[PDB]
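Residue numbers (the entry's author numbering), protein chains in the order written: chain U, 1 to 167; chain b, 2 to 81; chain g, 4 to 80; chain X, 4 to 189; chain 6, 169 to 222; chain n, 124 to 178; chain 2, 1 to 219, 233 to 571; chain L, 2 to 88; chain 9, 2 to 103. Where is the CB? At the ideal position from N, CA and C, for every residue including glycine.
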Amino acid sequence: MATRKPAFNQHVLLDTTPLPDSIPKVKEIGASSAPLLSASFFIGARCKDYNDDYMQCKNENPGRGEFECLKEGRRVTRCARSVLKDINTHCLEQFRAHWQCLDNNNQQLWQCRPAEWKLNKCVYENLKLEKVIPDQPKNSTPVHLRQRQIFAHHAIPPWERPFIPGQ
Amino acid sequence: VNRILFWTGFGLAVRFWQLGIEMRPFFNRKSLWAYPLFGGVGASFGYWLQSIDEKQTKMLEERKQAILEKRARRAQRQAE
Amino acid sequence: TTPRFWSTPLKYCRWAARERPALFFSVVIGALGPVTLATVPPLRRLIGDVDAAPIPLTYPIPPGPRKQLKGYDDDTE
Amino acid sequence: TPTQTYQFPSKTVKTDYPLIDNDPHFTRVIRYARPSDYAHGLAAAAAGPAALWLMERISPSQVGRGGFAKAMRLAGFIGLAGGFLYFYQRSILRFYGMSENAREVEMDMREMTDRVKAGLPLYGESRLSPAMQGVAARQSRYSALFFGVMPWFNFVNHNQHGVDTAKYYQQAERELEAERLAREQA
Amino acid sequence: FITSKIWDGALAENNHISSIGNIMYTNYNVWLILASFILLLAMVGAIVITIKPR
Amino acid sequence: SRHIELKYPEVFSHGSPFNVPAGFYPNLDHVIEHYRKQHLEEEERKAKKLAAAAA
Amino acid sequence: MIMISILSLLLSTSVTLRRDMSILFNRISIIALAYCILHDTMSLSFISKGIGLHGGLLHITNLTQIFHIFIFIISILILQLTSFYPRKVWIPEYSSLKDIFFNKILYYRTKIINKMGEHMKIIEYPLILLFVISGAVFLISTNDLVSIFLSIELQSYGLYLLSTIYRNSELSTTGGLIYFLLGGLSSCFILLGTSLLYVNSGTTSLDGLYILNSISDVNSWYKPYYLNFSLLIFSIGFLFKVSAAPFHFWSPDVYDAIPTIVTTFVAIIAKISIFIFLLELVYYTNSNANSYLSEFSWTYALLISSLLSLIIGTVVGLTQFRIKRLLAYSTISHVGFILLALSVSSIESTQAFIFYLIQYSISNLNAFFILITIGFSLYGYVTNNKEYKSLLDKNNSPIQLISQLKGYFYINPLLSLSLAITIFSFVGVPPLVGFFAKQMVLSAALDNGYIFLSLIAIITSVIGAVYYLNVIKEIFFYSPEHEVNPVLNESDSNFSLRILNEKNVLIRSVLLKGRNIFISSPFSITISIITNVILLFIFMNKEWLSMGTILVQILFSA
Amino acid sequence: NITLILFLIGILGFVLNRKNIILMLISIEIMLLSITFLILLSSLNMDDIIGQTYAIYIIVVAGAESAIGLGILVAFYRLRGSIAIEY
Amino acid sequence: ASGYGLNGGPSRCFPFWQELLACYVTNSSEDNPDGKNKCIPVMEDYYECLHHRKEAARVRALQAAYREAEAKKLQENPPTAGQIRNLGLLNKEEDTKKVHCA
Ligand SMILES: CCCCCCCCCCCCO[C@@H]1O[C@H](CO)[C@@H](O[C@H]2O[C@H](CO)[C@@H](O)[C@H](O)[C@H]2O)[C@H](O)[C@H]1O
Ligand SMILES: CCCCCCCCCCCCO[C@@H]1O[C@H](CO)[C@@H](O[C@H]2O[C@H](CO)[C@@H](O)[C@H](O)[C@H]2O)[C@H](O)[C@H]1O
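Right under this line is the structure:
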């Protein structure tokens, strides 16, 4: 349906008709909004190739990319299901600590640094994955690693240390 | 007619009309330099119109040849 | 009494700073913007204060041919 | 070779001479100006102040004490304004191909090839976004042609200049292959 | 009328005034020039036809 | 002329650079090859004109 | 350069309140317009139907630049009216180069030259014309609907301000009020038309609309009926602005009420920009293929306007006794010829359209200069007629009645023949230039099937020639009601003029009477250059007509 | 449909007015509010920001005509003492 | 046609306009008068995107067929809104089976 923001919507139209059997089925991602943001940098550490291939297939075939790019989308939802599966297998406590933080912090990442750094510790140890933000400035500390967050509502205690991969 | 001749005279005619409209005397000695100045501007404008004429002639020549290709090339493709 | 800018440029500027301060310093501040554009940015590049890269405001599609991935296929499901 | 020398759709204008650039940078326009361009700009610039002084002598204004000095200043600014626009517009029409530009085609070919072999971006590096570079380029392409109504100048290092840049790369390649043989010979 | 969500087009959504601003001062800036001159004419002209100078 | 030539062929480069969905913009290299041919033909005509009439 | 000129002049007039400083700001407005002519003159080294500039919101064309320069020169000639005093004092003792360049003349010039006259005191008058000119040269080069709207308003709003600038005249303020209130309604029509264009096409670019019309013109769910309906509303507003009947009742009233200096500018400049813009719009909205699209062609409103303007303009002018109302109606009959040439879209009609517009703008200018100069001439004359005593704004419009021109041949014979040569050009009598304009428009119409309109046009040309001859009969067939001022030549009445030298030492004193006061040279020379062009065109026609043949060769090329 | 009705109101202000040069001032602005309002509602329909911008510039030109219009009406009133039309 | 939409992104019917501009510029010239006749269906799609008349016509008959096709068939047990609102929820499997009639 159209991408226009709605102004006078009062009803929802659901279609219970299933996808045809011709198209291979895929189990869908079941993580909610905050679990996805906690695992967002892990997913793009692993599925970036699949995530970029899917967006390229769609760009390659204009106006016809919802169809004709269906196999690639199933590949992305399997890569991301393996990250979400892997985090629960090893870092469940640290993961839930961080995403439950983000629930009460407007899902703003700078507001839960002590929880994120511990999750980054556990995911790097257990899954060898690392949070990387591309093209960050070169003359200063990365924002996601700073001991002080100016826009944080609560101060980061000094004993909570940012996770540097190797120290 | 000659352009340099017509425009030189046109400047001399413009001086005569201006004195007639002002009702000032034509030909007083201490103001006769006006006729050479008006004529020289008439000479100069006309050397500029000759350059305009030369270029327009090239352009109209080219165009009449282009219309003679379009009419020709179309007839060539209609022979099939 | 009150000077004339084009006869005495420096002497007018002192009178205007003293006698028309809000008006004089308006033209001063307005000129500082044009100056600050001209001056600080080259000095910033002298001290090594590199301008930050732009943030992405669209999906960042990489250039080149598609990579021909293998993995996460229907059989793996 | 970037495999794409004509990367953007550009307007072809029917002119009598080769195009060097749709949108020359301001410094290239200044730097290619021939010494006649300076005489003509100065000549036009002095004309508005001198026309105004000429009129006052022949047909006096009968104005008060300071009025003509004020007017001389304004006629003088307009002369520096119109004088510089004419000087710039005279140089930049050789870039557009609307004036005989044999000299500047050689100076363009040399510099642009000397840039290729130095690894430099052909038209320099822009602090602006590729999209803001494309807006800038669409605003300034052939804009000296609208100078009598509106002033505009290029101060952005975009790479949209209306020309197929294969020739600069081709000539760099042929020049590199010439120098390499000389070094191998001796 | 039916509507549905999009994700690639909802990355950094802009309010209508930011969208007008993204283009009002760059791509269509000639419209700003003419308008600046229409307002400037309505200043000079309306002052000159009403007030007694000095 | 029943054919219109765009005075601004640079509208093919128009469009927002932000919040672009994959596949939204069309593949217009057939357009860019048109304009490339037009620039190369015009460069040739003048080349063939002020080089064959300069001797 | 027009924009650098407005800002620099605005800053200078913003910090001054001196009214003696207006004559010099008008001289700089003439020098300013000369640099613009040097810039557009150098922008004419290319062939193209057009180049879109500044993001496609503007375009440049060979026809666009020529008209930009024509606009600037017509502007430089009207500006002379406010840049030089109306009369001068000349003596053969001060007439050589050494004198006019190194010697000086001193006398009491105030009452001779009308130094503190009204037209010599407004300081913003040179600036307001420059903002009108800006809107005109933008309208010529508009490639977008918004650009058209913003340009037409820039030109329209400045015309209203020019018509209200004599703030102390009940007539002038009345005319500016009529112009704004009927002009604002015309703008709604222009805005309605453009809005309905974008709302049906999704585009504000003219070239996209031209292509949507190009693809439709082939001999199902989306008929493009809007283009011809939108452009018909759109042309109604532009018909009002050029005063074509039926929307013409405003011009006779506004042109007679505002001062004559002002009616030179307002009654010329708006037509030049509006008619050039319409020509490009008519060329690309043509229906080459006879389909249902051409049945609702918007060009029919111009064909009906031209027919109505030919009749109204020539019939209603028969009973006018006010000269400026007469000239207002004469302009309506000339737009009936301009509008027919535009409506027939052919190579011959466009060349005849281009000639008619330029030569008519040049000749009606002479009709305005001759009128203003005759007004200034009667300073040394007096009259006892009881009707002239009761005229209003006798200073803003010195000549108001056609009867005030009785016996002018007796006062000034060559000024009377300049007004004769110009009026006979309006009639269309050979060998005068205005003949060769109506000849081309009639030949274009006859060649393409407009025989019915041609016969109407030549009929009304006889009718319109009746009120032109009434002006000629009034200037030459009678004796003047104006007598020389007796005091100016009293034998005892003389003004002392001092000839100095470079170091301000008397060279001579001279005694001068009213016989030593003349018209100023800028006015006399301008009149003689245009009267000569009208009278000698048959010997100097190649460059002017060839420019038009090349210009229409490109617009129609390919 | 509201846009067309409100356009009629401005038209009908010209139909019923023999004496109010002020209502002629008013109805021109009602007509401008129709055309701007129509442009805006079609812009929402086509997801275009240029319709919004074109409305903005109509609003700015509309205010400027009010300044020029009320300024000229002041110049007229100073010498007249009445905005009335004798009829 | 502009390319700029309300949310900062591109306009919805801009792809159709470029598909229409590309067609006309690459198929129609002065050499070929009818080349622009390939732009007819491409222009229809552009006019359809902006206005949606043919889709409105299509969805106005299809909706008239279904509404009187589902007006005469027997109804077994219409699912209530509360049941639909529990669809796909991890602790309401009973309601989802009722909705999908599986
Ligand atoms: C009554 C009719 C009124 C018509 C009003 C408009 C008239 C326009 C007349 C000017 C036409 C163009 O006139 C032109 O000016 C330019 C000024 O650089 C010059 O043209 C020249 O331009 C460049 C140099 O700048 C050269 O490379 C070019 O080869 C040459 O043509 C010539 O002088 C003349 O060809
Ligand atoms: C009383 C009336 C007297 C005559 C008044 C009119 C005279 C001036 C008319 C000049 C215009 C026609 O003359 C010609 O037109 C063409 C097309 O516009 C232009 O021609 C120009 O473009 C070409 C094409 O690239 C350039 O190579 C050429 O150098 C340049 O001059 C010039 O403008 C002029 O050379």
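In the structure shown, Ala23 (chain 9) falls within a helical segment according to DSSP collapsed to helix, strand and coil. Sequence-distant partners of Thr203 (chain 2) (beyond 5 residues in either direction) whose C-beta falls short of 7 Å from its own C-beta, in its chain, are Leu209. Counting the other Cβ atoms within 10 Å of the Cβ of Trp49 (chain b) gives fewer than 16, which makes it exposed. Proximity of chain 6 to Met112 (chain X) at the Cβ level (cut-off 7 Å) is not reached, the minimal Cβ distance being about 33 Å. Chain order is used for the residues whose beta-carbon lies nearer than 7 Å to a heavy atom of ligand 2, namely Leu50 (chain b), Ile53 (chain b), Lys56 (chain b), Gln57 (chain b), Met60 (chain b), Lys17 (chain X), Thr18 (chain X), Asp19 (chain X), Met101 (chain X), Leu44 (chain 2), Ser45 (chain 2), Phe46 (chain 2), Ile47 (chain 2), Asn62 (chain 2), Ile66 (chain 2), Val546 (chain 2), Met553 (chain 2), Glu556 (chain 2), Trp557 (chain 2), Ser559 (chain 2), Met560 (chain 2), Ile563 (chain 2) and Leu564 (chain 2).
Following the DSSP letters along the chain, one finds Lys65 (chain b) inside the alpha helix (DSSP H) bounded by residues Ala35 to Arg78. Here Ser14 (chain 2) is exposed, its C-beta having fewer than 16 other C-beta atoms within 10 Å. A heavy atom of ligand 1 is found nearer than 7 Å to the CB of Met42 (chain 2). The beta-bridge partner set that DSSP reports for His495 (chain 2) consists of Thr396 (chain 2).
For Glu107 (chain X), the shortest C-beta to heavy atom distance toward ligand 1 is 7 Å or greater. Annotation: Cβ neighbours of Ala14 (chain b) in chain 2 (cutoff 7 Å, chain order): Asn545.
For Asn195 (chain 6), a Cβ of chain 2 is located within less than 8 Å of the residue's own Cβ. Within chain 6, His184 and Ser187 have C-beta atoms less than 7 Å from the C-beta of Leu7 (chain 9), given in sequence order. Against chain 2, a Cβ distance below 7 Å from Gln92 (chain X) picks out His39 and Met42. Distances from the CB of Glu103 (chain X) to the heavy atoms of ligand 1 include at least one below 7 Å. Around the C-beta of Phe11 (chain b), 16 or more other C-beta atoms lie within 10 Å, and the residue is accordingly described as buried. Excluding sequence positions up to five before and after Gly21 (chain b), its CB lies within less than 8 Å of the CB of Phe27, all in the same chain and listed in chain order.
Within 7 Å of the C-beta of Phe70 (chain 2) there is at least one heavy atom belonging to ligand 1. Residues of the same chain with a CB within less than 7 Å of the CB of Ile351 (chain 2), apart from the 5 flanking positions on each side, are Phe288, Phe366, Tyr369 and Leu370 in chain order. For the region 6-35 of chain X, residues whose beta-carbon sits nearer than 8 Å to a beta-carbon of chain n comprise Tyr9, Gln10, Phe11, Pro12, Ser13, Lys14, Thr15, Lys17, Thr18, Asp19, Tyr20, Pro21 and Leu22. Of the residues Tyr9 (chain X), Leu57 (chain X) and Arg177 (chain X), the one whose Cα lies closest to the Cα of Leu163 (chain n) is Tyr9 (chain X).
Using a Cβ distance threshold of 8 Å, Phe84 (chain 2) and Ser132 (chain X) do not count as a contacting pair.
Against chain U, the CB of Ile85 (chain 9) has a partner CB under 8 Å away; the residue lies at that interface. Straight-line measurement puts the Cα of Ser506 (chain 2) at about 27 Å from the Cα of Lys407 (chain 2). Excluding sequence positions up to five before and after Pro11 (chain 9), its CB lies within less than 8 Å of the CB of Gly4 and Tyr5, all in the same chain and listed in chain order. When Cβ-Cβ separations below 8 Å define contact, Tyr235 (chain 2) makes contact with chain 9. Residue nearest to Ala139 (chain X) within the set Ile127 (chain n), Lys130 (chain n), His126 (chain n) and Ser136 (chain n) is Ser136 (chain n) (criterion: CA-CA distance).
Sequence-distant partners of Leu182 (chain 2) (beyond 5 residues in either direction) whose C-beta falls short of 8 Å from its own C-beta, in its chain, are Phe253 and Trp263.
For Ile174 (chain 6), the C-beta contacts it makes with chain n under 7 Å involve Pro144, in order along the chain.
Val89 (chain 2) and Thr363 (chain 2) do not touch by the CB rule: their CB atoms are close to 49 Å apart, not below 8 Å.
Taking 8 Å as the upper bound for CB-CB distance, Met3 (chain 2) and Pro154 (chain X) are in contact here, some 7 Å apart.
A direct Cα-Cα distance of roughly 12 Å separates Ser67 (chain L) from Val75 (chain L).
At least one heavy atom of ligand 1 is found less than 7 Å from the C-beta of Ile371 (chain 2). If you draw a straight line from the Cα of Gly135 (chain 2) to the Cα of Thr396 (chain 2), it comes to about 43 Å. Going by C-alpha positions, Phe531 (chain 2) is about 13 Å away from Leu501 (chain 2).
Interface annotation, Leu179 (chain 6): in contact with chain g, CB-CB separation under 8 Å.
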